Amino acid sequence: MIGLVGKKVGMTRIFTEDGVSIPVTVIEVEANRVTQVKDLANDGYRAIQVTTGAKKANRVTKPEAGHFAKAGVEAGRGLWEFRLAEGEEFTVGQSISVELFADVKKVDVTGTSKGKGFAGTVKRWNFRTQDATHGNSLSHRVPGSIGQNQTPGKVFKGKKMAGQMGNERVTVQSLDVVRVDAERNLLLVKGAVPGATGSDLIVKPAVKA
Amino acid sequence: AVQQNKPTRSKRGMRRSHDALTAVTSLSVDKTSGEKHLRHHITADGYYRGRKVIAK
Amino acid sequence: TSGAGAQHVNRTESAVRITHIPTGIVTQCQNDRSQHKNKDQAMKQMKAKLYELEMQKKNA
Amino acid sequence: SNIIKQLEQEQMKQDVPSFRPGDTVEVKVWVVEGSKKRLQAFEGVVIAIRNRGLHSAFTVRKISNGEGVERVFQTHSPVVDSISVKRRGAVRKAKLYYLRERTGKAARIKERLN
Amino acid sequence: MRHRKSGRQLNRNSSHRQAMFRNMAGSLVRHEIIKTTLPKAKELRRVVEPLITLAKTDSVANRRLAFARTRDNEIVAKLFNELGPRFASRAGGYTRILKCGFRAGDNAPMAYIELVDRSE
Amino acid sequence: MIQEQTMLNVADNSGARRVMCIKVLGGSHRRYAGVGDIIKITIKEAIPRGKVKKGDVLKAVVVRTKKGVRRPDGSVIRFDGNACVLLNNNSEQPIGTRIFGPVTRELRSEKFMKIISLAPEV
RNA sequence: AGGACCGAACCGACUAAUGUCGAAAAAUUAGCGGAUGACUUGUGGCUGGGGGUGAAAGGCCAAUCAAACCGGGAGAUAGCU
RNA sequence: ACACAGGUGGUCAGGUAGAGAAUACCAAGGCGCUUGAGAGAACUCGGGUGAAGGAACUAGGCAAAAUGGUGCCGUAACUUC
RNA sequence: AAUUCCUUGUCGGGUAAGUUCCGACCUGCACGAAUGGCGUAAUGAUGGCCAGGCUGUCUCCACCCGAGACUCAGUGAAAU
RNA sequence: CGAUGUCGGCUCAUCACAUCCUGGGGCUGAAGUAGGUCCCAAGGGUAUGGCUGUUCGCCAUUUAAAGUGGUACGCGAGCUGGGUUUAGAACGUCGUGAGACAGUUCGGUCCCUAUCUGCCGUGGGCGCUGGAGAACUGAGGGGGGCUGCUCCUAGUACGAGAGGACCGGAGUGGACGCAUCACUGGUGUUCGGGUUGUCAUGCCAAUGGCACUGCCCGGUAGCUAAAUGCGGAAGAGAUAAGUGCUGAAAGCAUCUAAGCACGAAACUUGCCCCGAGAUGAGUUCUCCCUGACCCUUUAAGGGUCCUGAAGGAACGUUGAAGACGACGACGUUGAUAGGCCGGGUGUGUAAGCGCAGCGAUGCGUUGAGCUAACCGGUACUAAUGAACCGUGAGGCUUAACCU
Numbered sequence: 001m002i003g004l005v006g007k008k009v010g011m012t013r014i015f016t017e018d019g020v021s022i023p024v025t026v027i028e029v030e031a032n033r034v035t036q037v038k039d040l041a042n043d044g045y046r047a048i049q050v051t052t053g054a055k056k057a058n059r060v061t062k063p064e065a066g067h068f069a070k071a072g073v074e075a076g077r078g079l080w081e082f083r084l085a086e087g088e089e090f091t092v093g094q095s096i097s098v099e100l101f102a103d104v105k106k107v108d109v110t111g112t113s114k115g116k117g118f119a120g121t122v123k124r125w126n127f128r129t130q131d132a133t134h135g136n137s138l139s140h141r142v143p144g145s146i147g148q149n150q151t152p153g154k155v156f157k158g159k160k161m162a163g164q165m166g167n168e169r170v171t172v173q174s175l176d177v178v179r180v181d182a183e184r185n186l187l188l189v190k191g192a193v194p195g196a197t198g199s200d201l202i203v204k205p206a207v208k209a
Numbered sequence: 001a002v003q004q005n006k007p008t009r010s011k012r013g014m015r016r017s018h019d020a021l022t023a024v025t026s027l028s029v030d031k032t033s034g035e036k037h038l039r040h041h042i043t044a045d046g047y048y049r050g051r052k053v054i055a056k
Numbered sequence: 246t247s248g249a250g251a252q253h254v255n256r257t258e259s260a261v262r263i264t265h266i267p268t269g270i271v272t273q274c275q276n277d278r279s280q281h282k283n284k285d286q287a288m289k290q291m292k293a294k295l296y297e298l299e300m301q302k303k304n305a
Numbered sequence: 001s002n003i004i005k006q007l008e009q010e011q012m013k014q015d016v017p018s019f020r021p022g023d024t025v026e027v028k029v030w031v032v033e034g035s036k037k038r039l040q041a042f043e044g045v046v047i048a049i050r051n052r053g054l055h056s057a058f059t060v061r062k063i064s065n066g067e068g069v070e071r072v073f074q075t076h077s078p079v080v081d082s083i084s085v086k087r088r089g090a091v092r093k094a095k096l097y098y099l100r101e102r103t104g105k106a107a108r109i110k111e112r113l114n
Numbered sequence: 001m002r003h004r005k006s007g008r009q010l011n012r013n014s015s016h017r018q019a020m021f022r023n024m025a026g027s028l029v030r031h032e033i034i035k036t037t038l039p040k041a042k043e044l045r046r047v048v049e050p051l052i053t054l055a056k057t058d059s060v061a062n063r064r065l066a067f068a069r070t071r072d073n074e075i076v077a078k079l080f081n082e083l084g085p086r087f088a089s090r091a092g093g094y095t096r097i098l099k100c101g102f103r104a105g106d107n108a109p110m111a112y113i114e115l116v117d118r119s120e
Numbered sequence: 001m002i003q004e005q006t007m008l009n010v011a012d013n014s015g016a017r018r019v020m021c022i023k024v025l026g027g028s029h030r031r032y033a034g035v036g037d038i039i040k041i042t043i044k045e046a047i048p049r050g051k052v053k054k055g056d057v058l059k060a061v062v063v064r065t066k067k068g069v070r071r072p073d074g075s076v077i078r079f080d081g082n083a084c085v086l087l088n089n090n091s092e093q094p095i096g097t098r099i100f101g102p103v104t105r106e107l108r109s110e111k112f113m114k115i116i117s118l119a120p121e122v
């Protein structure tokens, strides 16, 4: 089926009765109101796009405000788009809520991870640091060799080198849902999801199930 | 770590295409004395947003 | 070969080990510069060591 | 935030006895010994206390037969049935990690009795 | 990578940086306007503002904590007697950063920082 | 967290006083052994009339660690010393007849039942 | 008493890191050996080029040493580039 | 060759602590080392700390960590005593 | 063996495992008596080996504090 | 030979298949288990130590296994310098001797700030044909692909017994990879306390500077891992070797010639990320602008006056974003930062006073005081009215259309 867009609210834990403490991530999922429905008659693929939360009146532009009045919805922060799966059908304004995940059992969470900056080869690609002593001159954490010799004569493409780490879309798969809390608009997945506290998260059910 | 042969005045010139200065174009006019200053910086006399704030 | 004098001792595969798997005795040779002479010496050296394992088979 | 703050204090037990570090405390812990669900006892000295609300925890050092055992307990876990202060100790430090090298007569601590 | 870290290091070690704001808070009290660089002004708010909140309760222990800071007996007398009851109505934000061109000698962003009364 | 070159104490009265860990068994390239994991030890010290003597190579199961085990509730049980009970390399039901000091609950699995029945605590 | 002992000034230079278009044409930092003696240092003398001097390494003899530097024979000679 | 982290003989020598001219902090007196302002990546340099292990590192315990004072008790093989 | 080629000789010690070390044998390629032989207490910024303590030396790196690196302004090189 | 630095270690690899493990098979002198040999197969994986400068090697103990090779016997403008190839010195030996030895031995300065390609990142320009703001389809590119053990099937098939399955099904590890900071811990020179030596604040008490943060004991938030979640798949398509069905050439036989069905971690997909500079520059939604003119080489021409749209940038407060640009939020019609208020945490009973003791000090007020990066809240301070970039209905040829 489709998934929903929500915001990450820290981490907690749930002491279950049987003597187990399972760590949960509190994901708040407000109402995801649909702004546009797509189909093969106009687009070639059938999908919807939703929006969540709220924005200010002055911060939203003129093209984005005329796109929301087309749907009749409240203006919401950004737009995300979900591919429909040939069995369901939504309308423009159908306020999709966290009631979908009382059906499901395991989810997939996608969010922009935490950014580490220009990270070196020991941190980014898990390289072994060289020896801290025994003669070593200015070459402790440096990456070592990067190529062979005259016969390649180059560095091969895709070489594990130092650079931008994090700040990148990643999907942790197959996370258990612990509680679907519909009065509080809360989803409690089990374990760790990407991104800092307050980032966006795209929770959809487990494709590998 | 040394060059193999000298670059041209063409290859010297393209590296400096990004080295150009920008004009600020954002001089404002004071509310009281009508004088030029930067945004959020006080004037030469000492006015800022209409008020003689430096008394100097 | 293990030794010294130049990297002539450490560039060419001039040693040889002839290992006799029906017995398990390891005859080696590093005596010459050329592999073909070391293999020729170590082959005759092992046929002497196959004499002695057949003497000690008789003598036991 | 208030979402977590609400979600945690609905889960905290509301009968935790007020103990300080240095107190001899007999913590009584559920244990599943196969089929039967036994409640067993652990009596040592509280050498450390972490306070985080629901995530609060305290570490109890017990010198058992042989050598010392330093077990920590998650405070609001359902595994701890009863926490009971037996003796009240008079230290002036929030973490008693100096007590790991001290054994025996040097490991003993002062009564409060105020 | 300083995720969620306050404090500016300002190319000084922790001894030097603590000693200069201790001097520079004494300059802001005694002259009621000082000219400095703009990153040094914004870290000076995190030093002078807790002093004036400390100076609201005129007690002997507060006289000694405001002497343990700033190490100056003339400053702790301009606090608690002049700056003390003059900002007693205001709820924080006793100061004001006014920017002023650049420093001529090194192109540094200069800024006036002053207490918000100057109604002498 | 017991690895190569780790000197451990001995819980049982097999005769060994100090043993040293030489190998962590089970799974190649493995870092360290833990709660109740099998290791090859070597015996670095012995009492004169023990069942074993110095310089004998045999197995051991780790029964106490200073890193400490974790129960699923979040709690961690730590000790002041690494200790182990010795095995035979071929035939189980370990060597000793007494066991000194406590062991832990995670050692209770189907084959160390001799150990958690002789141990005076837990 | 002591070519005694520990240890600064002073003399030296064993290890490591830095430095290697250096701060410096052998140094800095952290340690290290001697430190009343075959000690060290100031000033001034003396020994000279197949010569000096050398608790000896072909070491040193003005950042130059299996024969110093400056001038000269001299535009040595070069079947070599 | 420099307004150069080097070299350069003698003389004077305060306070508290100390055996001391060591070392720490100070007096008298002199200085802040003639580019600064930010930011707070990789990496390098000079450091601080580390769970559990404890030389498994490596040519090698290299480098670091550790040992460190005074008074007393005690002190082995060997020995030219 | 500061000497030994074959050689990681063989045996013992030490180690879970010891081409090095220690002891012993002697088949000394090619020790040997002032170009000294063999022992030797003390000594050594000496060569090798072992043990204890100790440790980011390492498993395996994490964090922090400073100086550069980076950006802005001023001056402004070098080998090639 | 007007210089292509060298054995081994370290870091980092990459390809080949003549496959070491896992996967698919044929034959067996294959009962089973475990093999042996050969065929297919390169997707992933493929030790740790003792000795040695050693590559090797032997030894110890593991592993599903410890593959063979190529890449200047990959890799010194990446590190090391133990080895070998400078000068010192000695031993054996050769020589009358200077000295010499794929004989041994002790000691011995490893330089380079990256122009170009390559690569890792991250931006500026202009392009995409009116200008914009978004969300996308996806050409194409990358990543990932390992595996043990245990139990069920079943102590059944097989076997005289010992032993002991195929095929399915479940759990739980090792190694690796990604994410995160709730747990447990590390750190935390911006927090609190203890304490040594000294100096200062007139002095007492109280503090502050310096001594590696003086030495230390703790410790918030961040970052982190030894911590804790997750991953490898299932399925589909076409096959490799192999197994077949029907079937002639060739009355039979025959998997192949026509026809038809199976078959692996390989291949294309499935799963994850990038991605329309995919110049083949795409689609979809919304927003914005409809004014006069003279000239002339009337041309998709040039010039003026008015009018500045959507949106941008700029600046400022800044951010769990970041080298710098960039990206994200906020700018008063405001919680973006700091302050402040309450709370939490941390350290641990502040100073002052009082009593007790000759005094050190204890006790009471008192879980007091202070408390950074945190939590909720509050316009007190700073985010100024603006000016600026971007314009003024958007080419021609056709077609299908309504007109």
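Note that the protein sequences, when read in sequence, are chains D, 0, z, P, N and K. Each residue of the first sequence is one higher than the last, beginning at 1 in the authors' numbering. Each residue of the second sequence is one higher than the last, beginning at 1 in the authors' numbering. Each residue of the third sequence is one higher than the last, beginning at 246 in the authors' numbering. Each residue of the fourth sequence is one higher than the last, beginning at 1 in the authors' numbering. Each residue of the fifth sequence is one higher than the last, beginning at 1 in the authors' numbering. Each residue of the sixth sequence is one higher than the last, beginning at 1 in the authors' numbering. Virtual Cβ for every residue (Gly too), placed ideally from N, Cα, C.
Alpha-carbon to alpha-carbon, residue j and residue i
i: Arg-86 (chain N); j: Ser-1 (chain P); result: 36 Å
i: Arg-77 (chain D); j: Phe-68 (chain D); result: 11 Å
i: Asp-23 (chain P); j: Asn-65 (chain P); result: 20 Å
i: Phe-73 (chain P); j: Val-27 (chain P); result: 9 Å
i: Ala-31 (chain D); j: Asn-58 (chain D); result: 23 Å
i: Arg-69 (chain N); j: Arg-22 (chain N); result: 7 Å
i: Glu-17 (chain D); j: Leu-113 (chain P); result: 38 Å
i: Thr-91 (chain D); j: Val-34 (chain D); result: 7 Å
i: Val-50 (chain D); j: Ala-23 (chain 0); result: 43 Å
Candidates the options: closest to residue i by CA position
i: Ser-14 (chain K); options: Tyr-32 (chain K), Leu-87 (chain K), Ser-117 (chain K), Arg-108 (chain K); result: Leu-87 (chain K)
i: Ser-56 (chain P); options: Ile-109 (chain P), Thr-24 (chain P), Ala-48 (chain P); result: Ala-48 (chain P)
i: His-3 (chain N); options: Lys-154 (chain D), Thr-35 (chain D), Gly-195 (chain D); result: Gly-195 (chain D)
i: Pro-23 (chain D); options: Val-107 (chain D), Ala-182 (chain D), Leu-175 (chain D); result: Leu-175 (chain D)
i: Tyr-94 (chain N); options: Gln-18 (chain N), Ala-77 (chain N), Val-29 (chain N), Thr-57 (chain N); result: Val-29 (chain N)
i: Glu-114 (chain N); options: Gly-105 (chain N), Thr-57 (chain N), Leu-44 (chain N); result: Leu-44 (chain N)
i: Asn-11 (chain N); options: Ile-34 (chain N), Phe-102 (chain N), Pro-39 (chain N); result: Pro-39 (chain N)
Endpoints, the alpha helix (DSSP H) within which residue i is located
i: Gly-66 (chain D); result: 62-71
i: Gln-93 (chain K); result: No alpha helix (DSSP H) holds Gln-93 (chain K); DSSP gives it neither H nor E.
i: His-31 (chain N); result: 14-31
i: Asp-285 (chain z); result: 280-304
i: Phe-67 (chain N); result: 60-68
i: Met-14 (chain 0); result: 9-15
Residue i: first and last residue of the uninterrupted beta strand (DSSP E) it sits in
i: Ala-60 (chain K); result: 57-64
i: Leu-4 (chain D); result: 4-15
(request) Using a Cβ-Cβ cut-off of less than 9 Å, list which residues of the region 75-100 of chain N approach chain 0; keep chain order. (result) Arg-96, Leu-98, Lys-99, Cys-100
(message) So if I threshold CB-CB distances at 8 Å, which residues from the region 7-32 of chain D count as touching chain K?
(response) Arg-13, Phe-15, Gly-19, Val-20, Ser-21
(request) Please list the residues of the region 65-87 of chain P that have a C-beta atom closer than 7 Å to any C-beta atom in chain K, keeping them in chain order. (result) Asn-65, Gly-66, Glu-67, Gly-68, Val-69, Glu-70, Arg-71, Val-72, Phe-73, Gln-74, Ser-77, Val-79
(request) For the region 62-76 of chain K, enumerate the residues whose C-beta is nearer than 7 Å to any C-beta of chain D, in chain order. (result) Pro-72, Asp-73, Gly-74
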